[PDB]
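Following: one structure in structure tokens, then a few remarks.
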Amino acid sequence: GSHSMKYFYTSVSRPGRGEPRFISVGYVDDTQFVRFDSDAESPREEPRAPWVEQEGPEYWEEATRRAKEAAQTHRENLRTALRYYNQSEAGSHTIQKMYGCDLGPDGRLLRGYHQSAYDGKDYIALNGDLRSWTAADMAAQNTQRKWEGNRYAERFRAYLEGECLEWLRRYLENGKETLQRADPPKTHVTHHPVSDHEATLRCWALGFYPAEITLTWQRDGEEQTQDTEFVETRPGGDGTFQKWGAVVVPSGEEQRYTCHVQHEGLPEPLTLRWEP
Amino acid sequence: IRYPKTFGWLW
Amino acid sequence: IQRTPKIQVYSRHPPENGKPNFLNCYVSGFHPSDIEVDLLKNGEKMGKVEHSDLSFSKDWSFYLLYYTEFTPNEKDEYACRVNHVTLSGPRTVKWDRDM
Numbered sequence: 024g025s026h027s028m029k030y031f032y033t034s035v036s037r038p039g040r041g042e043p044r045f046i047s048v049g050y051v052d053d054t055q056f057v058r059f060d061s062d063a064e065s066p067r068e069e070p071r072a073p074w075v076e077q078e079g080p081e082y083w084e085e086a087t088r089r090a091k092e093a094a095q096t097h098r099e100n101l102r103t104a105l106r107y108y109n110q111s112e113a114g115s116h117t118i119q120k121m122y123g124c125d126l127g128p129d130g131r132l133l134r135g136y137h138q139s140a141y142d143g144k145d146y147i148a149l150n151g152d153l154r155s156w157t158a159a160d161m162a163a164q165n166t167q168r169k170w171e172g173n174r175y176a177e178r179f180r181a182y183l184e185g186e187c188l189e190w191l192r193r194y195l196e197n198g199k200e201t202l203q204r205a206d207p208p209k210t211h212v213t214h215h216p217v218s219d220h221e222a223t224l225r226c227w228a229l230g231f232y233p234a235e236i237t238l239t240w241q242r243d244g245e246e247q248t249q250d251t252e253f254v255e256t257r258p259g260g261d262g263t264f265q266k267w268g269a270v271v272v273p274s275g276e277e278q279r280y281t282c283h284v285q286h287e288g289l290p291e292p293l294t295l296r297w298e299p
Numbered sequence: 165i166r167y168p169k170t171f172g173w174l175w
Numbered sequence: 021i022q023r024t025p026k027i028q029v030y031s032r033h034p035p036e037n038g039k040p041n042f043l044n045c046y047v048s049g050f051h052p053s054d055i056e057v058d059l060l061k062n063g064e065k066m067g068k069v070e071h072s073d074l075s076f077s078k079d080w081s082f083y084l085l086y087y088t089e090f091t092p093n094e095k096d097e098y099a100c101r102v103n104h105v106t107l108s109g110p111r112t113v114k115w116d117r118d119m
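Protein chains in written order, with UniProt numbering: chain A, 24 to 299; chain B, 165 to 175; chain C, 21 to 119.
So, in structure tokens, the structure goes:
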């Protein structure tokens, strides 16, 4: 139904080594499709998805142009930031920035994204109304003042309702095979005896897309949070995701526990139980 | 696609 | 600020002895981005280890995936070594085919 297209910029100043490192990635939902690395042997926009590979030279040249433009912008923003926080040029610093657009079922702009942080902490973000800004500290209020002064929110907004949505749509139409896909996770329960009185039950959900998924454990129908371990959703390295949830159970009560998996690729939620 | 810089977003 | 990285060493598919597979090391929630990751086989660095493009989460913490091709067995050990500014010395997480 709803889709999303986001961009991630990461700039890292490296004293005594020259220009800052600029790494940017483009995502359609949970699928990376483009990359720009300043430390690449030939810095340029590159395809990380088969469906974007069909784009002509113009796309890559323009994309590279905008990427490098952003690179320079962030490059000045680093120094300006140095002035703001009264910092030294001998120290390493980082500017991060994520911005995207959300296509709804009606084909209209559902939600907008444009947030930037400095050194791991919020710096300035675009509000839901896509018109006003929110600054985290006093230094960011200067940036907010400037952006208000030059009507930046308007430009980025025209971008959100324009090229962003259209190209997102185009991508979705090009790579429907994998982008409009909803693969259900291959799930199963495993047994791992801790001692002669304890054993760990692990619930596996593999090769599912998109990444969003819910794993829970229940003892006699009641959710278990005690002695439970849920690992962070991880990439399979092939365009899929993985995630397992383990419970520490006293021997003899294994058949009293059930796994519960909610995923988009599943018609109904799954209820699993150890099958020796 | 990427955001086209026309004026810029200097901090 | 600075955050300690999470290390998840795991295979792409359920491990089978003699059957080819993909060894993965997912390092997440770390800051700054400067970090070293190495896939080790029996204590020695592996021959061909590539990684995904640097990206971050909603809390601005970075995440990376270092991967290689390996064939699981019962004589060899696989591990993931990580050096970071928040880590006093390299951290090594052995690959457990139960996790």
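All C-beta atoms in this analysis are idealised placements derived from N, C-alpha and C, irrespective of residue type, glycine included.
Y30(C), DSSP secondary structure in three states: In the structure shown, the three-state DSSP call for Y30(C) is strand.
Inter-residue CB distance, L84(C) and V57(C) (contact presumed, cutoff 8 Å): That belief holds up - the Cβ atoms of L84(C) and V57(C) are roughly 7 Å apart, short of 8 Å.
Residue interval of the beta strand (DSSP E) (run including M28(A)): Its beta strand (DSSP E) spans residues 26 to 35.
Contact set for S72(C): own chain, Cβ-Cβ below 7 Å, skip 5 residues either direction: The residues are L84, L85.
8 Å Cβ shell around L229(A) - same chain, five flanking residues per side excluded: Closer than 8 Å at Cβ, skipping near neighbours: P208, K209, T210, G259, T263, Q265.
Local conformation of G143(A) per DSSP, three classes: For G143(A), the secondary structure class from DSSP, reduced to helix, strand or coil, is coil.
Identity of the residue in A162(A), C282(A), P233(A) nearest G24(A) by Cα: Comparing Cα-Cα distances from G24(A) to each of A162(A), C282(A), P233(A), the minimum goes to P233(A).
Rounded straight-line distance, which links the Cα of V29(C) to that of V47(C): C-alpha separation (whole angstroms): 9 Å.
Interface residues of chain A facing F76(C) [CB-CB closer than 8 Å]: By Cβ distance, chain A contributes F31, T33, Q119, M121.
Cα-Cα separation between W170(A) and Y87(C), rounded to whole angstroms: Each residue's Cα considered, the two are about 42 Å apart.
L289(A), DSSP secondary structure in three states: Assignment of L289(A) by DSSP, reduced to helix, strand and coil, places it in the coil class.
Members of the segment 90 to 116 of chain C near chain A, C-beta cut-off 9 Å: For the segment 90 to 116 of chain C, which is checked against every Cβ of chain A, not one residue is closer than 9 Å.
Segment limits, beta strand (DSSP E) that includes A205(A): In this chain, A205(A) is not harboured by any beta strand (DSSP E), its DSSP state being neither H nor E.
Three-state secondary structure assigned by DSSP to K95(C): Residue state, collapsed to three classes: coil.
Integer-rounded CB distance, given that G123(A) should sit under 8 Å from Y136(A): Right, the Cβ-Cβ distance comes to about 4 Å (below 8 Å), so this counts as a contact.
Members of the segment 166 to 183 of chain A near chain B, C-beta cut-off 8 Å: Residues of the segment 166 to 183 of chain A with a C-beta less than 8 Å from any C-beta of chain B: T166, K169, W170, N173, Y175, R178, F179, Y182, listed in chain order.
Same chain, Cβ closer than 8 Å to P299(A), five either side skipped, listed in chain order: Once the five neighbours on either side are set aside, the close Cβ partners of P299(A) are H214.
Inter-residue spacing [alpha-carbon to alpha-carbon] between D125(A) and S31(C): Within the model, the alpha-carbon separation for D125(A) versus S31(C) is close to 33 Å.
First and last residue of the uninterrupted beta strand (DSSP E) at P52(C): From DSSP, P52(C) is part of no beta strand (DSSP E); its letter is neither H nor E.
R89(A) at chain B interface by Cβ criterion, 7 Å: Chain B, which has a Cβ nearer than 7 Å to the Cβ of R89(A), makes this yes.
Partners in chain B for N100(A), counting only beta-carbon separations shorter than 7 Å: One finds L174, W175 in chain B with Cβ atoms closer than 7 Å to the Cβ of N100(A), taken in chain order.
Given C100(C) as reference, the closest of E36(C), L60(C), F82(C), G67(C) once Cα atoms are compared: Of the listed residues, the one whose Cα sits closest to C100(C) is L60(C).
Alpha carbon of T166(A) to alpha carbon of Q77(A), nearest angstrom: Whole-angstrom Cα-Cα distance: 39 Å.
Which listed residue (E68(A), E221(A), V48(A), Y141(A)) has its alpha carbon closest to that of residue 7(A): Not covered by the structure: residue 7(A). The range shown for chain A is 24 to 299.
Closer than 6 Å: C100(C) CB and nearest the ligand NAP heavy atom: With respect to the ligand NAP, the structure offers nothing, as it holds no ligand at all.
Beta-carbon spacing of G288(A), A181(A) below 7 Å: In this structure, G288(A) lies away from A181(A), with their beta-carbon atoms at least 7 Å apart.
Sequence-distant residues of the same chain with beta carbon closer than 8 Å to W80(C), five excluded per side: Result list for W80(C): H51, in chain order.
Rounded straight-line distance, which links the Cα of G49(C) to that of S77(C): If you take the alpha carbons of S77(C) and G49(C), they lie about 8 Å apart.
Cβ pair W240(A), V270(A) closer than 7 Å: In this structure, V270(A) lies closer than 7 Å to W240(A) by Cβ.
Residue from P66(A), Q285(A), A159(A), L149(A) with nearest C-alpha to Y175(A): Measuring from the Cα of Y175(A), the nearest candidate turns out to be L149(A).
Residues that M121(A) bridges to, as DSSP identifies them: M121(A) pairs with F31(A), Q138(A).
Short-range partners of chain B found in the segment 186 to 209 of chain A, where Cβ spacing is below 8 Å: Cβ contacts with chain B: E186, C187, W190.
Nearest-angstrom Cα separation, counted from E64(C) out to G109(C): Looking at the two C-alpha atoms, the distance is approximately 17 Å.
Contact residues within the segment 250 to 266 of chain A, judged by C-beta distance below 8 Å to chain C: Correct list: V254, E255, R257, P258, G259, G260, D261, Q265.
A140(A): contacting residues in chain C (beta-carbon distance under 8 Å): The contacting residues are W80.
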